Amino acid sequence: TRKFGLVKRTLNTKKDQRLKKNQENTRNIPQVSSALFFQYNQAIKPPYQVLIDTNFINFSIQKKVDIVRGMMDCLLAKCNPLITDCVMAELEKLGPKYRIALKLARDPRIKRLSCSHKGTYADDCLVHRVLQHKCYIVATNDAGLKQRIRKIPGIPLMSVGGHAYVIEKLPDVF
Amino acid sequence: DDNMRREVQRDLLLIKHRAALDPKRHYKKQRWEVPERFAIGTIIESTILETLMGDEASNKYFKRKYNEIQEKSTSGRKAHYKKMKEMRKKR
Amino acid sequence: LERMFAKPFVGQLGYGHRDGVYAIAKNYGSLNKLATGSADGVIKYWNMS
Amino acid sequence: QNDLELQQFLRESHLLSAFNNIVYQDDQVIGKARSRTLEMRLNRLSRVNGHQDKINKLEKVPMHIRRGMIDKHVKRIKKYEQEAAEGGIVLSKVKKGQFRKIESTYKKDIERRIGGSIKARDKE
Amino acid sequence: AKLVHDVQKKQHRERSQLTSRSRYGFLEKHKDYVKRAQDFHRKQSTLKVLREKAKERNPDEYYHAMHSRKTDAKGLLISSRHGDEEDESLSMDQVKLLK
Amino acid sequence: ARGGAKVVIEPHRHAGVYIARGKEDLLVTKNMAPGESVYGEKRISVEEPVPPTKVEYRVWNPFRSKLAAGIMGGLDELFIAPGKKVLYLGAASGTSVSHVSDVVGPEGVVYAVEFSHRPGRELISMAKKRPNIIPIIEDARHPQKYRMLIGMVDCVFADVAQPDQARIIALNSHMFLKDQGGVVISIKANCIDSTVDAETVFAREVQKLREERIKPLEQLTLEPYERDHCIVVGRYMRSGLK
Amino acid sequence: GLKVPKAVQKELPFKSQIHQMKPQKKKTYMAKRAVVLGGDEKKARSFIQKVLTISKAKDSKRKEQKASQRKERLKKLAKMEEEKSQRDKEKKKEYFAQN
Amino acid sequence: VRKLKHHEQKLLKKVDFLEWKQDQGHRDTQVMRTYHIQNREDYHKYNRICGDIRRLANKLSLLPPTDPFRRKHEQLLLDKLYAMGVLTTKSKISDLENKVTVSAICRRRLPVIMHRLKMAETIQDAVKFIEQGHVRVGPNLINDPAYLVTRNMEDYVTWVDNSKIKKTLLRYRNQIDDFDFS
Amino acid sequence: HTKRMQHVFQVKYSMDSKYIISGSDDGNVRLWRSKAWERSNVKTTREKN
Amino acid sequence: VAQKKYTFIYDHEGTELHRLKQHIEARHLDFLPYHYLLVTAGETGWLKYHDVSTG
Amino acid sequence: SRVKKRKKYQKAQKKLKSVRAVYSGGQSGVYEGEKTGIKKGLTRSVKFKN
RNA sequence: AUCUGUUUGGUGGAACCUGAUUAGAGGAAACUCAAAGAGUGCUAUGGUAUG
Ligand SMILES: [Mg+2]
Ligand SMILES: [Zn+2]
């Protein structure tokens with residue numbers, strides 16, 4: 001009447017509730033932008049809004065184009081350039097050699113718009129603003145940021161080359 | 001509960017397969033398993049099965065499409081093979 | 001625990017000045033109020049609440 | 001410079017003399033000397049044609065343990081070099097990054113848990 | 001396309017069954033033959049598998065379901081067409097009710 | 001659809017609301033005061049078993065509501081629920097505040113706010129028939145003016161057309177909204193700014209929310225129902241927006 | 001459908017045996033007894049099987065259409081992969097003029 | 001033991017009551033679970049044997065490569081182990097080091113063999129039938145579940161001739177023949 | 001100290017002896033605690049003891 | 001509990017948690033309760049202190 | 001020449017209704033319902049990444 | 001009909017293949033006993049104790 005095949009009672013490391021590694025155990029397909037044709041983005045129109053990055057500031061200092069003057073000369077319209085807080089913190093963190101670039105960036109026509117995340121990663125902040133809103137054109141010279149924003153459908157890109165500025169994906173430059 | 005299961009189950013099956021009741025009316029592709037709790041009511045301004053089989057144009061469409069599908073499958077299957085054997089054995 | 005809890009930085013005031021803060025005077029009567037003057041020339045009266 | 005028996009003997013001379021307690025031929029070498037010399041040759045070829053990290057990963061040792069081992073060894077190297085240079089003796093030339101290699105490291109096999117040098121400072 | 005006329009892309013039609021063999025209907029082309037050989041090889045593959053299992057049976061296997069299953073005396077399995085384990089045959093009380 | 005058809009009611013993902021499956025599917029809320037449609041919509045009726053009674057459900061028209069448009073476009077989170085308190089800024093009439101009251105049900109409450117007095121009279125009559133609603137016929141930029149009527153509401157909905165939308169939301173939500181509390185805004189781009197484009201308006205207003213300490217969780221555009229409109233769902237944080 | 005010889009089927013192991021139901025001959029009491037409804041439930045069952053058959057046919061045709069589209073997409077994708085691979089090889093072989 | 005809070009965790013990063021570091025992954029109890037053995041001593045007797053084979057393999061490795069003694073003795077070892085059944089490939093001497101494991105010996109144990117030959121349906125079932133005395137190896141019955149049956153005796157595990165298991169097996173196949181009183 | 005703080009030129013307390021305001025050549029006015037491990041919470045008598 | 005050779009550590013339910021390979025042949029057990037130390041003294045003439053919170 | 005561009009434009013407008021969801025006016029008749037079906041498990045809203 | 005034989009729904013799941021798991025799994029009882037998470041409720045009150 002007593003049982004067979006008994007065996008001493010021990011721990012189950014593959015199933016225990018107390019063990020720390022074993023303790024822890026409505027899709028979202030986002031709509032495409034209502035302000036987008038197939039690849040056109042018909043809702044960018046003058047006056048333009050343009051996000052600035054640190055590499056853009058630095059190369060603009062090194063090739064001597066004032067931000068608003070050269071940006072107006074490129075697009076031929078009026079441009080509101082925006083520095084985000086993580087970009088301003090990247091500049092301040094670059095520090096004592098690039099302080100003259102910081103002092104160019106702290107300009108009363110460069111409207112600073114705040115950002116709500118932890119850390120100071122300007123690439124991730126700019127890519128998320130662009131993915132959510134489709135109203136800013138981006139200004140940078142970084143290769144990785146250029147590639148991500150090229151893959152994003154319908155967001156015009158803008159760098160600095162030679163002397164003046166260069167835009168890529170605005171269908172009406174002329 | 002398991003009461004009125006005939007009419008209620010036929011109506012639930014009809015709504016689950018509602019994308020075949022009408023040629024000009026198709027739907028978003030959803031896999032609708034039978035819910036846990038539900039209620040069946042009218043609209044204030046019979047049953048869906050009997051009004052559907054009381055409609056005429058839908059009935060004619062179901063007849064035409066069923067005859068087409070059944071002639072396809074019966075053309076494929078056995079009876080053909082008996083015809084072939086008989087055609088040989090005749091002469 | 002005081003090593004693990006020591007986190008001293010609290011924030012900054014606004015966007016800061018535009019050339020570099022060289023003079024600062026706190027209101028000796030009230031608690032939230034200070035006045036900071038830069039090398040730009042601009043002076044600012046500041047709420048710290 | 002292309003005869004490889006002699007160059008293999010010149011490279012493995014330190015391990016041979018370390019586990020002496022002369023057999024340098026492959027047939028008559030035995031024990032830990034055999035193990036370490038075979039590992040050294042395989043390391044040389046893989047180093048010539050492989051990626052540096054996957055070739056030379058160290059073995060895992062906790063932080064204060066490896067730092068204590070490094071500081072003890074660096075003190076023995078400083079003492080050895082000071083003894084030689086004080087009572088003047090020429091020593092083989094080591095690079096500015098790496099450690100000296102002494103019979104302490106050949107007996108103890110400490111270059112598997114420390115390495116050639118300190119790659120963080122070398123990267124800086 | 002690239003450098004090909006339509007007369008070069010002509011569409012040659014296909015011939016039907018010779019008239020004197022209309023009993024043996026429908027001359028079979030390569031598509032029909034390849035259907036035939038595919039199906040025959042599928043059947044032969046499963047037959048080779050079942051014969052190799054029959055070879056390597058090992059007649060000492062004991063599974064517990066041998067107390068519920070039954071095997072026909074000729075050799076095939078038998079199976080209840082009823083689905084359950086219980087509905088094989090009624091008892092006298094439920095016969096009284098059902099009558 | 002018609003006057004005699006039979007449908008199957010089914011619980012939606014959000015609690016409180018239901019789907020009426022048929023040959024075409026209808027968004028539905030349980031009617032509180034049964035037997036009278038407010039804005040003339042058709043309404044379903046089931047019979048449930050003491051003698052049984054006749055329970056009634058009401059259709060939700062998204063070409064009239066700007067919240068059923070969000071439900072049908074699919075919002076992951078809507079902070080209105082069967083037991084909460086909802087402050088409804090810009091409550092023109094029953095055409096949306098009655099559906100919100102049927103969603104929050106008899107346990108919760110809804111404070112409807114309107115300025116002009118003819119929709120005020122409509123709101124007063126409908127609120128007399130429906131007890132979850134308390135009506136306010138006062139200007140919505142003055143929570144200090146109506147502070148004696150509201151205590152610690154749990155979500156805010158906004159159908160305000162005025163171009164000070166973010167500031168009026170910030171005032172009411174600092175005064176009354178609970179911490180970690182749902183904010184639901186319906187932005188009309190043409191009312192807020194007519195010259196510049198709708199996407200620029202949307203980015204601008206989400207910036208104003210993030211400045212006024214509401215962390216936006218999501219943003220839908222509700223395109224087949226209205227043009228140039230948007231729904232922003234955010235969460236009122238007050239403590240560590242990052 | 002294929003058939004296995006009785007020797008194979010008789011020596012198959014327990015796990016891989018084939019279940020076979022013989023078409024019953026006599027009339028059992030439940031089949032003699034149970035009643036079926038006339039006319040209107042009959043039309044209900046007929047209408048339901050019509051609807052289910054139409055739905056199955058429509059589903060199969062749509063699925064096979066999309067499968068053909070999948071094959072087209074696979075071939076185009078493979079050609080694009082060929083181009084990408086060759087361009088990467090030329091990029092690397094070009095790069096090793098700088099190193 | 002209470003899912004202690006954040007600062008408690010940073011001050012007690014290194015406590016664990018259930019898993020220490022000498023309980024080497026709880027490998028012993030895990031293998032005892034996998035092949036259903038009855039005592040801790042059995043796992044660690046097998047581990048002592050595997051340790052002895054592995055140190056012999058290491059010393060033969062440290063001998064010079066083209067040694068007749070080395071080749072002879074490593075071949076004797078691989079032949080012995082393959083004939084016993086523990087390792088499955090007679091060709092690799094880095095298997096002779098690497099793949100000799102307690103689980104290899106513990107699955108040449110007897111109820112594993114029965115369960116694999118499909119005499120039983122689980123390894124717990126095989127242990128029960130052995131304990132109740134249905135299994136014979138050769139002509140004499142085996143009562144110990146911890147019997148290490150080699151290959152050439154895996155050719156001789158059978159049912160004891162008068163068992164209800166054998167009666168049921170034959171009776172299911174419709175082949176009982178009570179002249180044998182099977 | 002912090003990377004973004006160059007050349008501190010002016011520093012003050014706060015008038016409740018709890019925070020420290022520092023204006024630096026960088027152009028920023030920052031505000032620190034005076035004892036880092038403290039928090040500006042109010043505390044039950046059990047935690048305060 | 002101290003056993004034939006090895007000390008074993010059991011849960012509140014008899015679930016065996018550990019066996020101590022280093023505590024060979026003990027007859028006397030003890031526990032310093034502020035120090036969280038299991039002391040085992042044996043037939044080997046050795047005396048071992050094993051911290052039971054770390055292991 | 002412009003007939004091809006006219007037909008390409010209307011082809012692209014049909015593709016746009018296939019991709020996005022466009023504004024077809026509003027209701028003008030009585031609201032009969034969603035003729036294509038209500039779905040529960042889908043959320044076509046752009047989630048704000050933090 | 002000793003007619004033929006298709007679709008739909010029940011019963012049963014073999015051959016190959018893909019996952020997941022494995023001291024085989026399922027169920028019950030409850031003012032039983034035991035560990036452990038998630039939340040809710042409570043004036044939950046000495047900024048320095050009782051003149
Ligand atoms: Mg960057
Ligand atoms: Zn940012």
# chains A, B, ... in the order shown; residues from 1 in each chain; ligands from 1
$ residues_around --residues "residue F:165" --least-positions-apart "3" --cutoff "9 Å" --atoms "only C-alpha atoms (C1' of nucleotides)" --output "PyMOL selection string"
chain F and resi 158+160-162+168-170+185+187+192+205
$ residues_around --residues "residue F:178" --least-positions-apart "5" --cutoff "12 Å" --atoms "only C-alpha atoms (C1' of nucleotides)" --output "JSON, numbers by chain"
{"F": [84, 85, 86, 87, 150, 151, 152, 153, 154, 155, 156, 172, 173, 183, 214, 235, 236, 237, 238]}
$ write_last_selection --atoms "C-alpha atoms" --output "compact mmCIF listing (two decimals), in the first residue's frame"
# COMPACT_ATOMS: atom_id res chain seq x y z
CA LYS F 84 -14.13 56.99 -13.18
CA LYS F 85 -14.59 60.75 -13.05
CA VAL F 86 -14.30 62.63 -16.32
CA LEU F 87 -14.03 66.36 -16.84
CA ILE F 150 -15.35 69.83 -8.93
CA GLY F 151 -13.13 67.66 -6.81
CA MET F 152 -10.13 65.69 -8.10
CA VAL F 153 -11.36 64.41 -11.40
CA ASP F 154 -9.59 61.42 -12.93
CA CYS F 155 -9.43 62.13 -16.65
CA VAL F 156 -9.96 65.17 -18.85
CA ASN F 172 -7.88 72.81 -15.58
CA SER F 173 -5.53 69.86 -15.27
CA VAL F 183 -5.53 63.74 -20.79
CA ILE F 214 1.67 66.29 -19.74
CA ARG F 235 -0.66 61.29 -19.16
CA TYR F 236 -0.38 64.00 -16.53
CA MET F 237 2.85 63.33 -14.69
CA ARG F 238 3.77 66.28 -12.41
$ residues_near_ligand --ligand "ligand 1" --cutoff "8 Å" --atoms "only C-alpha atoms (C1' of nucleotides) and all ligand atoms" --output "ChimeraX atom specification"
/A:53-55,121-123,142,144-145
$ write_last_selection --atoms "N, CA, C and O atoms" --output "short mmCIF file (atom, residue, chain, number, x, y, z; two decimals), in the first residue's frame"
data_model
loop_
_atom_site.label_atom_id
_atom_site.label_comp_id
_atom_site.auth_asym_id
_atom_site.auth_seq_id
_atom_site.Cartn_x
_atom_site.Cartn_y
_atom_site.Cartn_z
N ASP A 53 21.86 69.91 -35.92
CA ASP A 53 22.71 69.00 -35.18
C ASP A 53 24.09 69.61 -34.96
O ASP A 53 24.47 70.61 -35.59
N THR A 54 24.85 69.00 -34.04
CA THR A 54 26.14 69.54 -33.62
C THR A 54 27.15 69.54 -34.75
O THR A 54 27.94 70.48 -34.88
N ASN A 55 27.16 68.49 -35.57
CA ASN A 55 28.09 68.45 -36.69
C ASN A 55 27.78 69.54 -37.69
O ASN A 55 28.69 70.10 -38.30
N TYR A 121 21.46 61.98 -26.08
CA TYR A 121 21.73 61.38 -27.37
C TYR A 121 20.88 62.07 -28.43
O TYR A 121 19.68 61.79 -28.60
N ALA A 122 21.54 62.96 -29.18
CA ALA A 122 20.87 63.80 -30.15
C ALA A 122 20.39 63.02 -31.35
O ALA A 122 19.38 63.38 -31.95
N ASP A 123 21.11 61.96 -31.72
CA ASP A 123 20.68 61.16 -32.86
C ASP A 123 19.34 60.51 -32.59
O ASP A 123 18.42 60.60 -33.42
N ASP A 142 26.47 64.18 -40.24
CA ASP A 142 26.87 62.87 -39.75
C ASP A 142 26.37 61.80 -40.70
O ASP A 142 25.24 61.84 -41.17
N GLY A 144 25.93 58.40 -40.22
CA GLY A 144 24.92 57.50 -39.69
C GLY A 144 23.55 58.15 -39.58
O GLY A 144 22.54 57.55 -39.96
N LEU A 145 23.51 59.39 -39.09
CA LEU A 145 22.25 60.11 -39.03
C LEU A 145 21.69 60.36 -40.42
O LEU A 145 20.47 60.27 -40.63
#
$ select_by_dssp --residues "chain I" --states "helix (DSSP H, G or I)" --output "NGL selection string"
:I and (45-48)
$ write_last_selection --atoms "N, CA, C and O atoms" --output "PDB file, in the first residue's frame"
ATOM      1  N   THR I  45       8.214  60.698  11.715  1.00  0.00           N
ATOM      2  CA  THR I  45       9.128  60.732  12.848  1.00  0.00           C
ATOM      3  C   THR I  45       9.963  59.465  12.925  1.00  0.00           C
ATOM      4  O   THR I  45      11.099  59.494  13.408  1.00  0.00           O
ATOM      5  N   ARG I  46       9.460  58.370  12.370  1.00  0.00           N
ATOM      6  CA  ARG I  46      10.214  57.129  12.381  1.00  0.00           C
ATOM      7  C   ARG I  46      11.413  57.219  11.443  1.00  0.00           C
ATOM      8  O   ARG I  46      12.547  56.899  11.825  1.00  0.00           O
ATOM      9  N   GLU I  47      11.198  57.723  10.227  1.00  0.00           N
ATOM     10  CA  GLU I  47      12.316  57.902   9.308  1.00  0.00           C
ATOM     11  C   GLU I  47      13.260  58.993   9.772  1.00  0.00           C
ATOM     12  O   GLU I  47      14.472  58.884   9.574  1.00  0.00           O
ATOM     13  N   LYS I  48      12.735  60.044  10.384  1.00  0.00           N
ATOM     14  CA  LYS I  48      13.588  61.130  10.838  1.00  0.00           C
ATOM     15  C   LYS I  48      14.488  60.678  11.980  1.00  0.00           C
ATOM     16  O   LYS I  48      15.671  61.032  12.020  1.00  0.00           O
TER      17      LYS I  48
END
$ interface_residues --of "chain I" --to "chain A" --cutoff "10 Å" --atoms "only C-alpha atoms" --output "ChimeraX atom specification"
/I:2-6,26-27
$ write_last_selection --atoms "N, CA, C and O atoms" --output "PDB file, in the first residue's frame"
ATOM      1  N   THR I   2      31.096  69.051 -12.905  1.00  0.00           N
ATOM      2  CA  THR I   2      30.413  68.408 -14.016  1.00  0.00           C
ATOM      3  C   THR I   2      31.097  68.875 -15.282  1.00  0.00           C
ATOM      4  O   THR I   2      31.699  69.948 -15.315  1.00  0.00           O
ATOM      5  N   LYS I   3      31.058  68.053 -16.317  1.00  0.00           N
ATOM      6  CA  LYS I   3      31.798  68.358 -17.529  1.00  0.00           C
ATOM      7  C   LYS I   3      31.393  69.674 -18.144  1.00  0.00           C
ATOM      8  O   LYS I   3      32.209  70.363 -18.753  1.00  0.00           O
ATOM      9  N   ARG I   4      30.129  70.021 -17.990  1.00  0.00           N
ATOM     10  CA  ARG I   4      29.614  71.214 -18.639  1.00  0.00           C
ATOM     11  C   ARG I   4      29.853  72.474 -17.831  1.00  0.00           C
ATOM     12  O   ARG I   4      29.290  73.516 -18.156  1.00  0.00           O
ATOM     13  N   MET I   5      30.651  72.409 -16.773  1.00  0.00           N
ATOM     14  CA  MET I   5      30.843  73.562 -15.900  1.00  0.00           C
ATOM     15  C   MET I   5      32.288  74.011 -15.980  1.00  0.00           C
ATOM     16  O   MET I   5      33.164  73.406 -15.362  1.00  0.00           O
ATOM     17  N   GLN I   6      32.528  75.070 -16.729  1.00  0.00           N
ATOM     18  CA  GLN I   6      33.832  75.681 -16.848  1.00  0.00           C
ATOM     19  C   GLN I   6      33.924  76.857 -15.893  1.00  0.00           C
ATOM     20  O   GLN I   6      33.034  77.702 -15.886  1.00  0.00           O
ATOM     21  N   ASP I  26      30.703  79.368 -18.212  1.00  0.00           N
ATOM     22  CA  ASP I  26      29.975  78.668 -19.253  1.00  0.00           C
ATOM     23  C   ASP I  26      28.743  79.418 -19.736  1.00  0.00           C
ATOM     24  O   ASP I  26      28.342  79.246 -20.892  1.00  0.00           O
ATOM     25  N   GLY I  27      28.138  80.241 -18.900  1.00  0.00           N
ATOM     26  CA  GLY I  27      26.882  80.863 -19.219  1.00  0.00           C
ATOM     27  C   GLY I  27      25.700  80.190 -18.583  1.00  0.00           C
ATOM     28  O   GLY I  27      24.582  80.366 -19.060  1.00  0.00           O
TER      29      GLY I  27
END
$ residues_near_ligand --ligand "ligand 2" --cutoff "8 Å" --atoms "only C-alpha atoms (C1' of nucleotides) and all ligand atoms" --output "JSON, numbers by chain"
{"A": [84, 85, 86, 87, 114, 115, 116, 117, 120, 121, 122, 124, 125, 126]}
$ write_last_selection --atoms "N, CA and C atoms" --output "compact mmCIF listing (two decimals), in the first residue's frame"
# COMPACT_ATOMS: atom_id res chain seq x y z
N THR A 84 17.62 71.48 -30.23
CA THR A 84 17.03 70.73 -29.14
C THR A 84 17.97 70.72 -27.94
N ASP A 85 17.42 70.35 -26.78
CA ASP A 85 18.18 70.45 -25.54
C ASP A 85 19.32 69.45 -25.49
N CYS A 86 19.12 68.27 -26.07
CA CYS A 86 20.20 67.29 -26.12
C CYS A 86 21.32 67.73 -27.04
N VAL A 87 21.01 68.49 -28.09
CA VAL A 87 22.06 69.01 -28.97
C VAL A 87 22.84 70.10 -28.26
N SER A 114 12.43 72.12 -26.15
CA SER A 114 12.84 71.21 -25.11
C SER A 114 12.53 69.78 -25.49
N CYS A 115 13.23 68.86 -24.83
CA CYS A 115 13.08 67.44 -25.06
C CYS A 115 12.97 66.73 -23.72
N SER A 116 12.20 65.64 -23.71
CA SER A 116 11.89 64.90 -22.49
C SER A 116 12.38 63.46 -22.64
N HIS A 117 13.66 63.25 -22.36
CA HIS A 117 14.22 61.91 -22.24
C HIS A 117 15.42 62.01 -21.31
N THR A 120 21.69 62.38 -23.26
CA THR A 120 21.92 63.46 -24.21
C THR A 120 22.27 62.91 -25.57
N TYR A 121 21.46 61.98 -26.08
CA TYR A 121 21.73 61.38 -27.37
C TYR A 121 20.88 62.07 -28.43
N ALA A 122 21.54 62.96 -29.18
CA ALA A 122 20.87 63.80 -30.15
C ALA A 122 20.39 63.02 -31.35
N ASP A 124 19.17 59.89 -31.42
CA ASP A 124 17.90 59.26 -31.10
C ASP A 124 16.79 60.28 -30.92
N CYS A 125 17.08 61.43 -30.30
CA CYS A 125 16.03 62.44 -30.16
C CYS A 125 15.57 62.97 -31.50
N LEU A 126 16.50 63.29 -32.39
CA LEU A 126 16.12 63.84 -33.69
C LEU A 126 15.40 62.82 -34.54
$ closest_atom_pairs --of "chain K" --to "chain F" --cutoff "10 Å" --atoms "only C-alpha atoms" --output "JSON lines"
{"residue": "K:20", "atom": "CA", "partner": "F:223", "partner_atom": "CA", "distance": 8.9}
{"residue": "K:21", "atom": "CA", "partner": "F:224", "partner_atom": "CA", "distance": 5.7}
{"residue": "K:22", "atom": "CA", "partner": "F:224", "partner_atom": "CA", "distance": 5.4}
{"residue": "K:23", "atom": "CA", "partner": "F:224", "partner_atom": "CA", "distance": 4.8}
{"residue": "K:24", "atom": "CA", "partner": "F:224", "partner_atom": "CA", "distance": 6.7}
{"residue": "K:25", "atom": "CA", "partner": "F:225", "partner_atom": "CA", "distance": 8.1}
{"residue": "K:26", "atom": "CA", "partner": "F:225", "partner_atom": "CA", "distance": 6.4}
{"residue": "K:27", "atom": "CA", "partner": "F:63", "partner_atom": "CA", "distance": 6.4}
{"residue": "K:28", "atom": "CA", "partner": "F:63", "partner_atom": "CA", "distance": 9.5}
{"residue": "K:30", "atom": "CA", "partner": "F:41", "partner_atom": "CA", "distance": 9.3}
{"residue": "K:31", "atom": "CA", "partner": "F:61", "partner_atom": "CA", "distance": 7.1}
{"residue": "K:32", "atom": "CA", "partner": "F:1", "partner_atom": "CA", "distance": 5.6}
{"residue": "K:33", "atom": "CA", "partner": "F:26", "partner_atom": "CA", "distance": 5.6}
{"residue": "K:34", "atom": "CA", "partner": "F:24", "partner_atom": "CA", "distance": 5.5}
{"residue": "K:35", "atom": "CA", "partner": "F:24", "partner_atom": "CA", "distance": 4.9}
{"residue": "K:36", "atom": "CA", "partner": "F:24", "partner_atom": "CA", "distance": 6.6}
{"residue": "K:37", "atom": "CA", "partner": "F:25", "partner_atom": "CA", "distance": 5.4}
{"residue": "K:38", "atom": "CA", "partner": "F:25", "partner_atom": "CA", "distance": 5.8}
{"residue": "K:39", "atom": "CA", "partner": "F:72", "partner_atom": "CA", "distance": 8.1}
{"residue": "K:40", "atom": "CA", "partner": "F:13", "partner_atom": "CA", "distance": 6.0}
{"residue": "K:41", "atom": "CA", "partner": "F:13", "partner_atom": "CA", "distance": 7.6}
{"residue": "K:42", "atom": "CA", "partner": "F:74", "partner_atom": "CA", "distance": 6.5}
{"residue": "K:43", "atom": "CA", "partner": "F:74", "partner_atom": "CA", "distance": 4.6}
{"residue": "K:44", "atom": "CA", "partner": "F:74", "partner_atom": "CA", "distance": 5.7}
{"residue": "K:45", "atom": "CA", "partner": "F:220", "partner_atom": "CA", "distance": 4.8}
{"residue": "K:46", "atom": "CA", "partner": "F:219", "partner_atom": "CA", "distance": 5.5}
{"residue": "K:47", "atom": "CA", "partner": "F:218", "partner_atom": "CA", "distance": 4.5}
{"residue": "K:48", "atom": "CA", "partner": "F:218", "partner_atom": "CA", "distance": 5.2}
{"residue": "K:49", "atom": "CA", "partner": "F:217", "partner_atom": "CA", "distance": 7.9}
{"residue": "K:50", "atom": "CA", "partner": "F:242", "partner_atom": "CA", "distance": 7.8}
$ residues_around --residues "stretch 31-36 of chain B" --least-positions-apart "5" --cutoff "8 Å" --atoms "only C-alpha atoms (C1' of nucleotides)" --output "list in words"
residues 12 and 16 of chain B; 10 of chain F
$ interface_residues --of "chain L" --to "chain E" --cutoff "12 Å" --atoms "only C-alpha atoms (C1' of nucleotides)" --output "list in words"
residues 10, 11, 12, 13, 14, 15 and 16 of chain L
$ interface_residues --of "chain B" --to "chain G" --cutoff "10 Å" --atoms "only C-alpha atoms" --output "ChimeraX atom specification"
/B:6-7,10-11,13-14,17-21,49-50,52-53,59,62-63,65-70
$ interface_residues --of "chain J" --to "chain H" --cutoff "10 Å" --atoms "only C-alpha atoms" --output "PyMOL selection string"
chain J and resi 9-11+16-22+52-55
$ closest_residue --among "E:34, E:54, E:27, E:77" --to "residue G:8" --atoms "only C-alpha atoms"
E:54
$ interface_residues --of "chain L" --to "chain A" --cutoff "10 Å" --atoms "only C-alpha atoms (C1' of nucleotides)" --output "PyMOL selection string"
chain L and resi 23+35-37
$ select_by_dssp --residues "chain I" --states "strand (DSSP E)" --output "list in words"
residues 8, 9, 10, 11, 12, 13, 19, 20, 21, 22, 23, 24, 29, 30, 31, 32 and 33 of chain I
$ residues_around --residues "stretch 36-38 of chain A" --least-positions-apart "4" --cutoff "8 Å" --atoms "only C-alpha atoms (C1' of nucleotides)" --output "JSON, numbers by chain"
{"A": [32, 42, 43, 154], "K": [16]}
$ write_last_selection --atoms "N, CA, C and O atoms" --output "mmCIF file, in the first residue's frame"
data_model
loop_
_atom_site.group_PDB
_atom_site.id
_atom_site.type_symbol
_atom_site.label_atom_id
_atom_site.label_comp_id
_atom_site.auth_asym_id
_atom_site.auth_seq_id
_atom_site.Cartn_x
_atom_site.Cartn_y
_atom_site.Cartn_z
ATOM 1 N N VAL A 32 0.407 55.348 -41.696
ATOM 2 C CA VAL A 32 1.337 56.190 -42.412
ATOM 3 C C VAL A 32 0.853 57.626 -42.319
ATOM 4 O O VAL A 32 -0.309 57.899 -42.002
ATOM 5 N N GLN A 42 3.498 66.434 -48.976
ATOM 6 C CA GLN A 42 2.908 67.669 -49.464
ATOM 7 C C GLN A 42 2.673 68.712 -48.384
ATOM 8 O O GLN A 42 2.161 69.782 -48.715
ATOM 9 N N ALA A 43 3.030 68.469 -47.126
ATOM 10 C CA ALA A 43 2.759 69.424 -46.059
ATOM 11 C C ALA A 43 4.003 70.134 -45.550
ATOM 12 O O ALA A 43 3.967 70.717 -44.468
ATOM 13 N N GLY A 154 10.036 60.522 -46.612
ATOM 14 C CA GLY A 154 9.380 61.799 -46.786
ATOM 15 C C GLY A 154 9.883 62.913 -45.900
ATOM 16 O O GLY A 154 9.113 63.804 -45.545
ATOM 17 N N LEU K 16 -3.678 55.107 -53.430
ATOM 18 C CA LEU K 16 -3.619 55.855 -52.181
ATOM 19 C C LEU K 16 -4.715 55.431 -51.228
ATOM 20 O O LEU K 16 -4.472 55.328 -50.023
#
$ decode --residues "stretch 103-113 of chain D" --atoms "C-alpha atoms" --output "short mmCIF file (atom, residue, chain, number, x, y, z; two decimals), in the first residue's frame"
data_model
loop_
_atom_site.label_atom_id
_atom_site.label_comp_id
_atom_site.auth_asym_id
_atom_site.auth_seq_id
_atom_site.Cartn_x
_atom_site.Cartn_y
_atom_site.Cartn_z
CA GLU D 103 60.99 33.25 -15.56
CA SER D 104 58.25 34.14 -13.10
CA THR D 105 55.75 34.40 -15.95
CA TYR D 106 57.13 31.37 -17.71
CA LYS D 107 56.74 29.21 -14.59
CA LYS D 108 53.46 30.67 -13.38
CA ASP D 109 51.72 31.16 -16.76
CA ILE D 110 50.44 34.59 -15.89
CA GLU D 111 50.05 35.85 -19.45
CA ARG D 112 46.77 33.93 -19.75
CA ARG D 113 45.16 35.89 -16.91
#
